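Below you'll find only one chain, the form deposited without ligand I8M, shown as C-alpha cells.
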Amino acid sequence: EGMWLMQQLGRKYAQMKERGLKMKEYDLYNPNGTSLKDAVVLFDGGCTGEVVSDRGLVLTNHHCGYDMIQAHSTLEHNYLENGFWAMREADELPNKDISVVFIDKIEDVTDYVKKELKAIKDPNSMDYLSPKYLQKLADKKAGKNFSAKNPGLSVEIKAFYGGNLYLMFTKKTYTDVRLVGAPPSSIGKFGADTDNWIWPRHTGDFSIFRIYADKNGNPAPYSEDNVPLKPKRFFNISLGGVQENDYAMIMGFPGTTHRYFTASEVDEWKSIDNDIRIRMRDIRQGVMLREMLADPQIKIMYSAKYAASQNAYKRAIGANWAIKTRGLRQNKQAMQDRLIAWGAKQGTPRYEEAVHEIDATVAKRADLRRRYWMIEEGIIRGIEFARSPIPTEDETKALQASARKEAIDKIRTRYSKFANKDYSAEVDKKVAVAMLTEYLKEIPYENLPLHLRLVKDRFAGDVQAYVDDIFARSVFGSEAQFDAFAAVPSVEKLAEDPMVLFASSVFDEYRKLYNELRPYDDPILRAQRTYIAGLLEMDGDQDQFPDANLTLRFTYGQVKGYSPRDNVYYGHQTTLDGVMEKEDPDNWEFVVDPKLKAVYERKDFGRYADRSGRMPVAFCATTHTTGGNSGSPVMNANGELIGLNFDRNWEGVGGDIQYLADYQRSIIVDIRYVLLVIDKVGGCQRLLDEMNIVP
C-alpha cells in the first residue's frame, strides 16, 4: 500500500519479514553504512536506475534513455530503430546534460527546521515549503564550504507530510553517464502507445548506461580521461525468476501523490481537471484522427502530437474510472469524518476548521479553475495557432534604424518554428473550429479572451468564418502572407493582425486566470499541514505514508495478477509467445525484431527460460508506484534484481489518491528477458560477464 521513507524501514521490517523478506534490515538500508540503497540512482532527473556491476553499469528503461539513444542516432547508424551495443568500453557514447544521483545520506532534521521556523512571526508564511528557505537551512547545517570539502556532494532539505517532517539528503551527482546498450525500438517500445498503461504487457523496456568518474571515483564532467565508476554497492542479478505470490520490493523516486485529498478535492479533480481534459482531448483527437486517416501525409505530420495528447487523456480516463467505481470520494469523506469526530472528543477544533478551510477554498475557486482548465485544454494545448508568433516590445520598437531587418529575422525564425514540416494550417483550422465551438458553449461572453468576443460581435456566431478570417488576413496564415509582411513591415499591421490578437488575447486570459488562482493554493497547503498532523497524531505514521515528492522510497508487495472485470483474469506473468501473438508486420507498433523472432522459433532461451521451457517477458506486482518509478529495481526476498519497473496499469492510476489492492499493479520487465535480449539479440557478452549473476 505505501511509498515509505527509508527511515520507516525499521518500522515496516517485521511486516516485510512476515510477507517473505529474507534479507537483513541494514543490508537493504543502513543509515551509517553501505546497503542496497547505495545501488539506486535518480536517472536524468525523473527516472530511477540501478547499478548492476563493479564497473558502474546502470540499468533503466528504454523510455528513460530514449532521448540519449535518439541524440546518437543518424540515417547511417539508427540506434533508435536497430538498437545499440558498444562492443568495448571505449565505444560507449557520452551524453550531454545527463546525470545520475546517489542518495549518500538521509537525516531527519524536523526539530532543527521547526526550531528555525519559530523565528518567522507571520503565521501565514510559506517559507516552511520554500526550496530557497530550506536550502538556506541545509547550507547552514552542512557548513559554509561543504561542496568544496566534499566534492561531488550536495545537500537538500525537503518537507514531508504537508510540512510535519523534514529530511536532509546528502547527494552524490555524476554527469559523465555513457550509453552502453539498448534493444531496437521494436523491443524497447513494443506496445508503443497502444499498450501504454496496459497489462498484459510485452515490452522489453530497458536501456544500459555506465557511470564514469575521475581516477578516484569522484564525480567529474565528461573527459576522455574518465574511468568507469567502482561503486560502494551494485545489485546481483537473479536467474531464479518469479512465481505467483513471491515477495517483491522496489526502491525508487515516486514524484507526486495526493493521499490526503479531502472529498471536495476528489470531486474537483473529477468534475474539473479530469472531465475537461477528457472532453477537450476527445474533441481534439477525434478531428486529428479523422484527418490522419484521410491523408497519409497528415498521419506522418500529426502522429507524435496525437500520441502526446492521448497519454494524459488515458490517465484521466483511468483516474475517473477509479473515482466512479472504487469509492475514492467516499473513502476520503470517511477519513476526514473520523478525524473530525476524534478532534471533537479531544476538545481540539483545529482539524475540523482545517478541513472546512480546504472545502471553502475549493468551492470559492471552482469557476476560475474551470475557466483555467477550459482555456488550457481547449486553446493553449488544443489549438496550434495559439502558440503562433507574438511580436515582443523590443521587436515592435525596431519596426517603428536598420535593426528592422534583425526584428524580421527573429519573427521569421519563430514563424518558421510554428509553421514547421509537421504543421498543417488546414488540420489546425478544423481542430480550432471544433475546439472553439466547445469552448464558446462553455465560457460566457464576459469571461472570454477579448478576441473571442468577435465570434458573436463581428462574425454572427460563425466560428468557421472567424477562423477562416484569422488565416486569410494574418501575416502568419501562409508563407506568402508572411513574406509580403516581411517585405513591407508595419507595426500597425502586427497590432491589428487577427492571429497575433488571438494568440495575445488567449495567453493574457490564461495568465490572468493563473495569477488569480495561485493565491488559493496557500490556504489549502496551510490547512493540510494541520490536517495531516491530526491524521498522524490519531492513527500514526504506519499505514499512512507521506505523499511522494521525488525522494527515495521503498514499496513492497507480491508478484500477483488481478481480475479487471467479471470473468476475466490477467495472470502475473507474460511470455515471448505473447509478443509473437501480437506481431503485425504492417503496423509499426507491433513489428517483431527478426533476431528475436528467430530466438523464439529455435527456442534459443539458454539459462533464461522458466521451468516449463517458456520465455518470460514481464510480470506485475502489488507494489505501490507512480511516475518517477520508471526504471526502478525490483528485488527478490533476498534483494537480488528480478526486473525493472516500467509502467502501471490504467486501472491503478487512481492509486495516487487511494491505493487499489484488487486492481493496481506495477508493470515490470523480467530481468531474464533483459539478459536474453542483451545476449541473443545484442550479442553483448561483456555486459553479461561484468554482472554478478546468481544461479
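Rigid core: the largest C-alpha set superposing within 1.5 Å between the two forms. Numbering starts at 1 and runs along the sequence shown.
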{"item": "Divergent stretch in 8 other deposited structures of this protein, 536-544 or 101-109 [C-alpha RMS, superposed by the core]", "value": "536-544"}
{"item": "Stretch with greater C-alpha deviation in 8 other deposited structures of this protein, 295-303 versus 199-207 (rigid core superposition)", "value": "295-303"}
{"item": "Residues with no coordinates between residue 400 and residue 401, taken from the deposited sequence as a class", "value": "1 to 3"}
{"item": "Entry-level comparison of average CA B-factors, 342-350 and 95-103, reporting the higher stretch", "value": "342-350"}
{"item": "Which of 471-479 and 616-624 has higher mean CA B factor, as the PDB entry lists it", "value": "471-479"}
{"item": "Residue with maximal Cα B-factor (values as given in the PDB entry) among 575, 320, 257, 73", "value": "73"}
{"item": "Per the PDB entry, maximal CA B factor within 409, 275, 282, 547", "value": "409"}
{"item": "Cα B factor band for residue 513 (lowest, middle or highest third within the chain)", "value": "middle"}
{"item": "Residue 380 - Cα temperature factor, lowest/middle/highest third of chain", "value": "lowest"}
{"item": "Residue 369 CA temperature factor, ranked by third within the chain", "value": "lowest"}
{"item": "Residue 312 - which third its CA temperature factor falls in, relative to the rest of the chain", "value": "lowest"}
{"item": "Chain-wide C-alpha B factor ranking for residue 261, given as lowest, middle or highest third", "value": "lowest"}
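Although not depicted, the form deposited with ligand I8M bound is the subject of the following passage.
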{"item": "Region of this chain that lies against ligand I8M in the deposited complex, out of 224-232, 587-595, 111-119, 96-104 [heavy atom, 4.5 Å]", "value": "587-595"}
{"item": "Ligand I8M contact at residue 451 in the deposited complex, heavy atom, 4.5 Å", "value": "no"}
{"item": "Contact label in the deposited complex: residue 517 to ligand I8M, heavy atom within 4.5 Å", "value": "no"}
{"item": "4.5 Å heavy atom contact, residue 394 to ligand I8M in the deposited complex", "value": "no"}
{"item": "Residue 81: touches ligand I8M in the deposited complex, heavy atom cutoff 4.5 angstroms", "value": "yes"}
{"item": "Selected contact from 185, 388, 274, 622, since only one has a non-hydrogen atom within 4.5 angstroms of ligand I8M in the deposited complex", "value": "185"}
{"item": "One residue of 440, 126, 283, 192 in contact with ligand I8M, assessed in the deposited complex (non-hydrogen atom, 4.5 angstroms)", "value": "192"}
